[PDB]
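Each protein sequence line maps, in turn, to chains A and A'. A prime marks a further copy of an entry chain.
Residues 1 to 167, 169 to 306, numbered by the entry's author numbering, are exactly what the first sequence covers, in order.
Residues 1 to 167, 169 to 306, numbered by the entry's author numbering, are exactly what the second sequence covers, in order.
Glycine included, every Cβ here is placed at the ideal spot set by N, Cα and C.
2 protein chains.
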Amino acid sequence: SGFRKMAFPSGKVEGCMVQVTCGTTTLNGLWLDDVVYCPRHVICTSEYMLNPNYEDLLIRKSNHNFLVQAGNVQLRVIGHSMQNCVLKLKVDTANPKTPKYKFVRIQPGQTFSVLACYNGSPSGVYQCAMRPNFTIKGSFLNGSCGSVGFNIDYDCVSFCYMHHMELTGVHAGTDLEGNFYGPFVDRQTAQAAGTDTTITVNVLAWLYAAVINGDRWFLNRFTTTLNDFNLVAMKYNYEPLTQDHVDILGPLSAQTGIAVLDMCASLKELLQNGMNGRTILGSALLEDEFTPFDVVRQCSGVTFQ
Amino acid sequence: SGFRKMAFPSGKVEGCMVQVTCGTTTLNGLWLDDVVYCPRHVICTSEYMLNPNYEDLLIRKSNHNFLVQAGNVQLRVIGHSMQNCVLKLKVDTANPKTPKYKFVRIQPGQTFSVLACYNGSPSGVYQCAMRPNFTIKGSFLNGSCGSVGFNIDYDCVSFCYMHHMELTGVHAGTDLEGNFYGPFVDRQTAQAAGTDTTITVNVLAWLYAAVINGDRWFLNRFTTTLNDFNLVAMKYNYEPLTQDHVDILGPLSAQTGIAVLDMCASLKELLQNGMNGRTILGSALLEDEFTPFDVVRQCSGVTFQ
Ligand SMILES: *[C@H](O)[C@H](C[C@@H]1CCNC1=O)NC(=O)[C@H](CC(C)C)NC(=O)OCc1ccccc1
Ligand SMILES: *[C@H](O)[C@H](C[C@@H]1CCNC1=O)NC(=O)[C@H](CC(C)C)NC(=O)OCc1ccccc1
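As structure tokens, then:
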């Protein structure tokens with residue numbers, strides 16, 4: 001038993017990280033087969049980040065302007081191209097440690113692991129969610145650009161995120178085809194994230210994890226309707242709940258014998274009375290960064306090969 | 001910027017995990033050079049866990065009673081021995097993926113990463129601390145025994161923990178020489194953890210991380226003395242603060258220009274007035290599982306090779 005913010009093992013991703021230098025700008029790249037992927041703003045200078053014209057910047061470059069380092073080994077760039085906001089650098093050596101992979105675009109509310117890197121070198125791994133406003137609350141310093149986010153599916157690494165920029170305390174990036182999550186652009190202008198909301202289905206999955214681990218004090222005998230719940234959730238900035246969410250929570254209600262709409266009644270009380278100084282799973286706030294699948298995986302124990 | 005419960009990249013450890021089967025009991029083992037390390041209770045039967053005599057159990061076994069699997073490869077056990085509470089299984093193949101390693105015993109208050117495994121297969125990575133009562137608050141299901149805890153030092157993996165048992170919601174284990182943390186034994190008897198306390202030096206390091214990231218509301222102009230602080234800390238079950246702790250916090254006070262004893266005055270107020278419904282770094286409780294070194298690493302950005 002127990003419950004922890006758990007990330008995926010990062011070994012399969014660590015073997016794909018490289019250092020990409022262009023000029024005096026160094027960041028991380030992702031090396032799969034003979035392509036290195038990295039943020040396109042590696043080709044900006046400190047006198048361009050205000051309003052770059054990336055097509056102009058790229059035509060003025062040749063392959064030898066791109067220093068790609070894998071450990072102490074140098075990779076020769078033999079071709080480059082731009083795909084939306086990422087650069088694809090073709091190199092002469094296919095990465096022998098290339099795992100089975102796919103590129104997927106995730107939805108708000110889903111979680112993934114981030115392998116934070118500096119100078120091509122893995123520094124740390126942590127779990128986070130894509131927020132409803134298409135930012136993540138990460139931990140990134142200068143030089144972390146190009147760090148990637150990923151899930152693991154049995155044996156396949158699904159790459160879903162590449163890091164590009166910090167806004169005001171939060172973090173924004175692209176999928177691996179180079180398309181931004183959210184209405185952001187990769188230039189330094191005054192852009193801000195929209196209003197964040199609480200991911201309701203995730204809070205309910207976490208209350209089920211609590212019940213599974215012995216925390217029961219917030220339960221009650223009431224029920225509510227989907228519609229009566231969503232009227233209260235709206236007032237507290239919670240995402241509305243759909244019949245799809247109920248079905249997804251099905252495995253957890255079956256395991257605890259507590260109906261989804263029963264649990265919504267407890268959440269309604271917590272939202273109106275507060276925690277009153279008690280904690281749930283070691284937290285004094287309602288946690289919304291575990292999906293129903295995260296709870297199942299951790300409270301049942303799925304491995305990976 | 002940002003602040004996350006961050007674990008070490010697990011790649012170097014994933015290559016050392018194996019499945020160890022003896023009878024109908026399967027758990028994980030650690031494979032370094034030609035030795036596999038695992039909990040000695042793999043040689044217990046379901047009719048022995050009450051009060052085993054491990055020396056008797058071990059003499060009744062031969063090498064071929066031990067099935068060691070590395071992926072889909074079988075390792076031949078050519079010798080075994082007992083070292084306190086762990087089994088050392090000598091095998092015919094040295095692990096080619098053996099990293100540079102040391103075995104270290106950590107102290108209460110220090111943190112490490114746990115690679116939770118099932119059937120020799122890595123499932124997840126998370127960070128935790130060794131509590132003052134020598135338990136950890138982990139997340140472990142049946143079959144997780146043999147999972148290891150580790151720090152990474154530049155290029156060397158320091159192994160500090162092997163998992164053995166769950167008590169009442171918390172988790173207990175040994176160092177890699179087989180000696181338990183705390184006064185626990187590896188049998189099923191009624192043993193309980195002593196009283197846990199809050200790791201004061203870690204709470205202060207986390208308040209500094211908050212200041213570094215813009216959270217300043219709890220600061221004040223007061224100072225206190227080491228002695229006046231420890232009188233309040235005692236009442237709230239906080240570990241007493243020593244002059245060694247002050248010095249360790251030195252790098253963080255220098256970076257924020259806030260003296261250690263100034264910050265103790267703010268902590269004293271938080272302990273006496275409470276949070277009053279505000280949060281610090283996204284938490285409504287005082288967090289004690291980041292060491293001063295964890296804060297420096299994350300708020301400055303140390304990598305590993
Ligand atoms: C690449 O490592 C870096 C990521 C930042 C550095 C600090 N933390 C991060 O996540 N990227 C940039 O520096 C990026 C460059 C292009 C978008 C031109 N810009 C960026 O993040 O700075 C804009 C900003 C605005 C307001 C607050 C903080 C940053
Ligand atoms: C090995 O994977 C397993 C670890 C437990 C299983 C559930 N979560 C864990 O961390 N080890 C055991 O089953 C262990 C066997 C030897 C110590 C004989 N015993 C154990 O943890 O059960 C004792 C216990 C007492 C009270 C509550 C829970 C467990």
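Boundaries of the beta strand (DSSP E) in which residue i is found, first to last residue
| i | result |
| --- | --- |
| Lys-97/A' | It is not in any beta strand (DSSP E) - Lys-97/A' carries neither H nor E in the DSSP assignment. |
| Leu-50/A | That residue, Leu-50/A, is in no beta strand (DSSP E); it is neither H nor E in DSSP. |
| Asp-153/A | 148-153 |
| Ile-78/A | 77-83 |
| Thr-201/A' | Taken as a continuous stretch (DSSP letters only), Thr-201/A' belongs to no beta strand (DSSP E), being part of the alpha helix (DSSP H) at 201-213. |
| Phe-8/A | Where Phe-8/A is concerned, there is no enclosing beta strand (DSSP E), given that its DSSP letter is neither H nor E. |
| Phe-66/A | 66-70 |
| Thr-25/A' | 25-32 |
| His-41/A | Note, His-41/A: premise wrong, no beta strand (DSSP E); not H, not E. |
| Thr-111/A' | 111-118 |
| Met-165/A' | 156-166 |
| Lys-90/A' | 86-91 |
Residue i versus the options, residue with shortest Cα-Cα distance
| i | options | result |
| --- | --- | --- |
| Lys-12/A' | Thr-24/A', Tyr-154/A' and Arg-4/A' | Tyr-154/A' |
| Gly-195/A' | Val-202/A', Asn-203/A', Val-204/A' and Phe-185/A' | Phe-185/A' |
| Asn-84/A | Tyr-239/A, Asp-197/A, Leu-250/A and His-164/A | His-164/A |
| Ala-129/A | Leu-141/A, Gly-149/A and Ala-116/A | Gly-149/A |
| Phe-140/A' | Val-68/A', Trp-207/A' and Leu-115/A' | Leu-115/A' |
| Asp-56/A | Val-68/A, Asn-95/A and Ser-81/A | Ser-81/A |
| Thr-93/A' | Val-18/A', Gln-244/A', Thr-199/A' and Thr-243/A' | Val-18/A' |
| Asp-216/A | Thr-199/A, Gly-283/A, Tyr-48/A and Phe-305/A | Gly-283/A |
| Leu-220/A | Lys-5/A, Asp-33/A, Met-276/A and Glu-240/A | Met-276/A |
| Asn-119/A' | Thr-25/A', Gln-110/A', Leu-262/A' and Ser-254/A' | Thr-25/A' |
| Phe-134/A' | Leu-262/A', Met-6/A' and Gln-110/A' | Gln-110/A' |
| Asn-203/A | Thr-280/A, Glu-240/A, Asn-180/A and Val-20/A | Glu-240/A |
| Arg-298/A | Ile-59/A', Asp-229/A', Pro-122/A' and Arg-188/A' | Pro-122/A' |
| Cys-160/A' | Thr-175/A', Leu-167/A', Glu-166/A' and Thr-169/A' | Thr-175/A' |
| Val-36/A' | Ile-106/A', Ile-136/A', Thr-21/A' and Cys-300/A' | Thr-21/A' |
CB contact below 8 angstroms: residue i versus chain A
| i | result |
| --- | --- |
| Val-303/A' | yes |
| residue 317/A' | This structure leaves residue 317/A' out entirely; chain A' is present only between 1 and 306. |
| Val-125/A' | yes |
| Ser-254/A' | no |
| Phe-140/A' | yes |
| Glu-14/A' | yes |
Whole-number beta carbon distance between residue j and residue i, since they are thought to touch under 8 angstroms
| i | j | result |
| --- | --- | --- |
| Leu-27/A | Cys-38/A | 6 angstroms |
| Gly-124/A' | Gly-29/A' | In fact, because the Cβ distance is near 18 angstroms, the residues do not count as touching under 8 angstroms. |
| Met-264/A | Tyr-209/A | 7 angstroms |
| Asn-63/A | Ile-78/A | 6 angstroms |
| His-172/A' | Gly-2/A | 7 angstroms |
| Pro-108/A' | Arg-76/A' | Rounded, the Cβ-Cβ distance is 40 angstroms, inconsistent with contact. |
| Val-212/A | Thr-257/A | 5 angstroms |
| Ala-206/A | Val-296/A | 5 angstroms |
| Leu-242/A' | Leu-232/A' | Incorrect: roughly 11 angstroms between the Cβ atoms, too far for contact. |
First through last residue of the alpha helix (DSSP H) which encompasses residue i
| i | result |
| --- | --- |
| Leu-268/A | 261-274 |
| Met-235/A' | 227-236 |
| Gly-11/A | 11-14 |
| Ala-255/A' | 251-257 |
| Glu-55/A | 54-59 |
| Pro-293/A | 293-297 |
Chain-ordered chain A' contacts of residue i [CB-CB under 9 angstroms]
| i | result |
| --- | --- |
| residue 312/A | The question about residue 312/A has no answer here: the residues shown for chain A are numbered 1 through 306. |
Beta carbon proximity, residue i to chain A', threshold 8 angstroms
| i | result |
| --- | --- |
| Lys-5/A | yes |
| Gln-306/A | yes |
| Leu-27/A | no |
| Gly-146/A | no |
| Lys-137/A | yes |
| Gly-251/A | no |
| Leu-115/A | yes |
Contact list for residue i against chain A', beta-carbon separation under 7 angstroms
| i | result |
| --- | --- |
| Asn-119/A | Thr-304 |
| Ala-285/A | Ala-285 and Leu-286 |
Proximal chain A residues relative to residue i, where beta-carbon distance stays under 8 angstroms
| i | result |
| --- | --- |
| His-172/A' | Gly-2 |
| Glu-290/A' | Near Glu-290/A' there are no residues of chain A at all, since even the closest Cβ is about 10 angstroms away, more than 8 angstroms. |
Contacts that residue i makes with chain A' (C-beta to C-beta distance below 8 angstroms)
| i | result |
| --- | --- |
| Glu-270/A | Under the 8 angstroms cutoff, chain A' gives no residues; its nearest Cβ is about 18 angstroms from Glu-270/A. |
| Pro-122/A | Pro-9, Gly-11, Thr-304 and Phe-305 |
| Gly-215/A | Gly-170 |
Chain-ordered chain A contacts of residue i [CB-CB under 9 angstroms]
| i | result |
| --- | --- |
| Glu-166/A' | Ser-1 and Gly-2 |
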